[PDB]
Amino acid sequence: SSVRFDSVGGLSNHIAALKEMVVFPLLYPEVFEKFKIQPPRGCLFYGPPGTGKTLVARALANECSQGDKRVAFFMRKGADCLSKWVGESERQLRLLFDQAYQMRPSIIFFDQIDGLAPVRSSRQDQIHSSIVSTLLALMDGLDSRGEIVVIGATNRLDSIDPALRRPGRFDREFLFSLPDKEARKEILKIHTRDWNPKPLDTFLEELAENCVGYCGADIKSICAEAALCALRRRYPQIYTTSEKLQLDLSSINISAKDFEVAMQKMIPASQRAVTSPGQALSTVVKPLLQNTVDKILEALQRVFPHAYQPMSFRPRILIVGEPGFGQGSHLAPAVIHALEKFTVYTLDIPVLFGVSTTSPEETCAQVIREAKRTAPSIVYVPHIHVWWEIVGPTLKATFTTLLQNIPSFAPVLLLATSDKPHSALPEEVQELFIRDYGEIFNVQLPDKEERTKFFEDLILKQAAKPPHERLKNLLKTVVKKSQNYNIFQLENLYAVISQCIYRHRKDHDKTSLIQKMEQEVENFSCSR
Amino acid sequence: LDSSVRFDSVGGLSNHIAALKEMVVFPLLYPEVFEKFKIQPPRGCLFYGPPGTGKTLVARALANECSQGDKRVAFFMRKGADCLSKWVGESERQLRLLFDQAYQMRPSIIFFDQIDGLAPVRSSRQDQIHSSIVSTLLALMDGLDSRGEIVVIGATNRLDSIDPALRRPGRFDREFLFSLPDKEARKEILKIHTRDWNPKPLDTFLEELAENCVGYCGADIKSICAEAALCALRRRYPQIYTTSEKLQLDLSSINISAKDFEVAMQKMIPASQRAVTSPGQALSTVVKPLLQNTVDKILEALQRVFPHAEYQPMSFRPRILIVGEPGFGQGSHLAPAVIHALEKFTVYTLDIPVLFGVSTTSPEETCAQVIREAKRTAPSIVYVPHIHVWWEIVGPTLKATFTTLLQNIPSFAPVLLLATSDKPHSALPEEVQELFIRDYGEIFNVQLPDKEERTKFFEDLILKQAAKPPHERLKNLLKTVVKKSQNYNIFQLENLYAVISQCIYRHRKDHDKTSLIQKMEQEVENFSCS
Ligand SMILES: Nc1ncnc2c1ncn2[C@@H]1O[C@H](COP(=O)(O)OP(=O)(O)OP(=O)(O)O)[C@@H](O)[C@H]1O
Ligand SMILES: Nc1ncnc2c1ncn2[C@@H]1O[C@H](COP(=O)(O)OP(=O)(O)OP(=O)(O)O)[C@@H](O)[C@H]1O
């Protein structure tokens, strides 16, 4: 009862839209007399789980409860109005709507309406069709319900009777989506506000950009796993006894390493049932391909200028390379990760076919509807030289005519990759990418500069640790030998050279494992 | 209850009020015409249609037109099913009371709002209470012991989920369709909801509005007015949302203009296309000066073959096939614009993402459903875009269904078949070639726009926007663009347009030009497409 639009970070247009349905007709009643208005009194929250849909209703209740113009608040769970006797289910609804009419102004909040108002079908019990009919007949009927603001919250929007969604019943619909890098930082400032050792802004700014895919609840949860980790690290004897000890509340300060352990043990809620098709370069491969990622992002910026309003025409790009250059394995997911705040919808083999009781066409038809709705979006088809060889002609005819229906100036990017050059691709694909327009990117192998930094830290610093003139020669030899390896062979040779280092952890003296490195780099053969 | 609604705001529905005052008003006013022939006029209706169209508004107007009048017809109003009761025989008994109380105060009206929640179709799998309350509702509407002078009315959104024994001449002998308004009917709802305003809006402005509100239904038209007023209030006082306090605002600088009716229609989705998109869209503001004339020519050809696009106009198997080269924008820009121009005709689509896009339904079952629906509600369109591909994507069972179902249609039924193709007519298969009879006028050939069309396309962008503060060589650039882009199709044209708009965007904040004009010049010079 102490949350008042203060803890709600990242959602500011929704709150502004919400104080003109509830607050303004009470504060400025003479503006709505000039035009005879009666502003909208129906909204519908929807989105993925954890994204601030119940926090906003809580804050609005507390905002209107404490003030001059006291408003009521009636709260309902999913389907708690159901009774077993044949006339009582829809008598409790009539009772609730009439009780709210003598308290007005009031607010009726329906939490999780997915279980109250399904689409009326004959293949179910009458109890649901009767409840929906009375609900819609009571909301907007012959009686002018009055100053009652009805709100509902849901995850599954399209499973609600389409007669409830029209001006007069549920006028406005509100999308609560995952936070971007700038709202994650607001949420982090909120949840780490009354802390003894107030964290710096430059630290929260680095945290907000590492917690990609998080949503509200996940940030609030790491802000607590960090404290539990600090506690466990400071007092290891608190898990081997069954009584209260003298906990010194002064040496329990939270450090960055605790946040690191918290973020290492935790998976966000969004990618728990699925996996995201976008992943940053590992810390090993990062000093090898970030320059290529930057070049691809510049090409995108040329074709997809959403990365006066920017105007883009059929945003499309095709990343081509040789098999092994890592364009569908390291590069395109890193570009997808760099372009977060744009929702991604993959169409690849283990997604069309790796799920049954749904056709490939029914998934290809929905991943484009949802991409048109939430534009600017991305539609990801990797390895099209095989994707186009593992699909039927019905799926080709559906796909190639579903992106011909997208508006001419639709901010929807089609990103794809291939191993065979653009000329070796079949027809009907060479006409989707028009490199006269800059819709083709040709990857090339990393330069010497990058290849040296790929190996330096391994062969120089971690080479001779705790528990120096020949190592330069070894590094030069390694970089000279591998001037034509692709990426797979490069990182293979990286693990082979790191193996010897591991078997000599307990050796206090070097010069015995240097021969190991010499012979391992010598007897390492590839292909190419 | 509001006592001010009395057939004054119910714009658009005049053929229903006229049929509704000869069931209630006339047997009281002229009770000698009905005992000349001894006819006993119809005393049953059934309102139905899409959500938000004037079904309940007409009942709210009838209640007032009869209560506050000479004669005293009584009104009984029931919501979905509020006759149900907890104890055993009490659900049915209540109904009888409602019909007896109505018999003692006759003449009277009973109005069942959302009657599809009271009287479903009787099925042996559901509760016995519903199957036994339908059989007692339809035993006291028309059984022995004549009803009397009660007028029963029922309003619903699902018509075919009502027991078919109720839809009968003697229980519900008149079904009324409340469909989406057309243009002339939207420019009456608009004059009703802005009836008592300040500086009353011009009829020319209300016509400009009624043209752009396609897909709106009564409630959306009433809602855009509120949204426009709110947008104006926000535009005038931006500091009225950052105080949570009462302030002093002069109720005179808050006049509603245009550009607030225009921003309201951005964040507004009609109720009809909120879960499914219609296959008809008008030309965007960019492409319009490039293809409106082609749309008009197509509509003239339609006028020839489909006379119902102005005795009576008589037609015979109205068909047309819009052919053009690939890229000429006939199945992507033109056919939906022709569909959108022909509103007030119902439009069904038969294309791949719709046949092979929904499961648990045969592909040759939807094809049999849409043709039946189109027959039922003629004049109607059946839209098959890209038949040069549609024909090589369906099986022979679906072909034998489709070609023999468009023959079962009566000859003079105004059901139009609209299709497009990229292959010329000669390159199509025979079984399709023989469905269009060019010597009959059933083929239209598209051609590239002319110099005039291209000049008007590029003019306002190269001339009146390149200056745009945050004149003799701009016209030379315009001439060069209109020259070099003379063998392009529409995709390449509207691609060059976006390529030139990306420069102007990049050079927003530069107060001085001549860094934008040479940029423009090199961009147009470097553009290569074919
Ligand atoms: N913008 C935010 N600022 C602070 N905390 C947030 C924010 N968004 C979400 N949270 C945290 O997430 C919790 C859930 O909010 P809410 O439950 O309304 O989301 P939801 O969409 O209802 O989730 P679900 O759909 O699973 O019910 C809150 O208790 C809050 O701690
Ligand atoms: N012809 C009209 N003239 C003026 N207003 C109209 C008209 N038609 C509809 N409306 C608006 O629509 C609102 C009511 O909708 P309606 O009376 O059609 O019930 P309904 O919403 O159709 O029932 P359901 O919920 O099944 O759709 C009214 O408030 C009215 O402002």
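Residues numbered from 1 in each chain as written, not as in the entry; some residues may be left out. Chains lettered and ligands numbered in written order. Part of a larger assembly, values for the part shown. Heavy atoms only, no water.

For this deposition, the record names cryo-EM as the technique by which the model was determined and cites 3.15 Å as its resolution.

In the annotation of the PDB entry, chain B is listed under the name ATPase family AAA domain-containing protein 2 and assigned to Homo sapiens.

If you look chain A up in the PDB entry, it shows as ATPase family AAA domain-containing protein 2 from Homo sapiens.

1. Examining the sheet that holds strand β4 (residues 148-154) of chain A
All names here are of chain A. Strand order in the open sheet made by the five strands is β2-β3-β4-β1-β5, with parallel pairing throughout. The strands lining the two open edges of the sheet, one partner per strand, are β2 (74-76) and β5 (172-175). The average angle at which neighbouring strand axes cross in this sheet is 15 degrees, direction not considered. Both β2 and strand β3 (residues 106-111) contribute to a ladder of three bridges, which runs parallel. Residue pairing for β3: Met75 is matched across the bridge by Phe109. (Pairing = 2+ DSSP bridges. Helix = DSSP H or I, 4+ residues; strand = E, 2+ residues; numbered from the N terminus. Axes fitted to C-alpha atoms, helices over the stretch in contact; angles between N-to-C directions.)

2. Some thoughts on the site of ligand 2
Not every one of the 20 residues close to ligand 2 is listed here, only the nearest: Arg166 and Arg169 of chain A together with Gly11, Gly54 and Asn157 of chain B. The environment around ligand 2 is built from residues contributed by chains A and B. For ligand 2, an oxygen atom lies 3.1 Å from a polar atom in the backbone of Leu57 of chain B. One nitrogen or oxygen atom from the side chain of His193 of chain B is found 3.4 Å from a nitrogen atom belonging to ligand 2. Expressed as a share of its isolated accessible area of 630 Å², the protein-covered part of ligand 2 is 95%. Breaking the shell around ligand 2 down by element, the ones donating at least two residues are α3 (55-67), α6 (183-193) and α8 (219-236) of chain B. Grouping the amino acids of the shell around ligand 2 by side-chain chemistry returns five nonpolar, 10 polar and five charged. (Near = heavy atom within 4 Å. Polar contact = N/O pair within 3.5 Å; in protein donor to acceptor, adjacent residues only side chain to side chain. Areas by Shrake-Rupley, 256 points an atom, 1.4 Å probe, with all protein chains shown as cover. Nonpolar A, V, L, I, M, F, W, Y, C, P; charged D, E, K, R; others polar.)

3. Re the site of ligand 1
All names here are of chain A. The environment of ligand 1 is made up of 17 residues, and the closest members are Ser7, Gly9, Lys53, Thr54 and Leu55. In the model, an oxygen atom of ligand 1 is placed 3.2 Å from a nitrogen or oxygen of the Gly50 main chain. Measuring from an oxygen atom of ligand 1, one finds a backbone N or O atom of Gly52 at 3.2 Å. Protein chains bury 82% of the 630 Å² of accessible surface belonging to ligand 1 in isolation. When contributions to the shell around ligand 1 are tallied by element, the ones reaching two or more residues are α4 (53-65), α7 (181-191) and α9 (217-234). When residues of the shell around ligand 1 are assigned to their parent elements, the largest contribution, three residues, is made by α4. Residue composition of the shell around ligand 1, grouped by class: five nonpolar, 10 polar and two charged.

4. Structural notes on the side chain of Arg166 of chain A
Structurally, the position occupied by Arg166 of chain A is in the loop between β4 and β5. A polar contact is formed between the side chain of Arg166 of chain A and the side chain of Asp140 of chain A, at a distance of 3.2 Å. Setting aside anything within four residues of it in sequence, one finds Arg166 of chain A in contact with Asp140 and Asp171 of chain A together with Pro51, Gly52, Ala219, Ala271 and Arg274 of chain B. (Contact = heavy atoms within 4.5 Å.)

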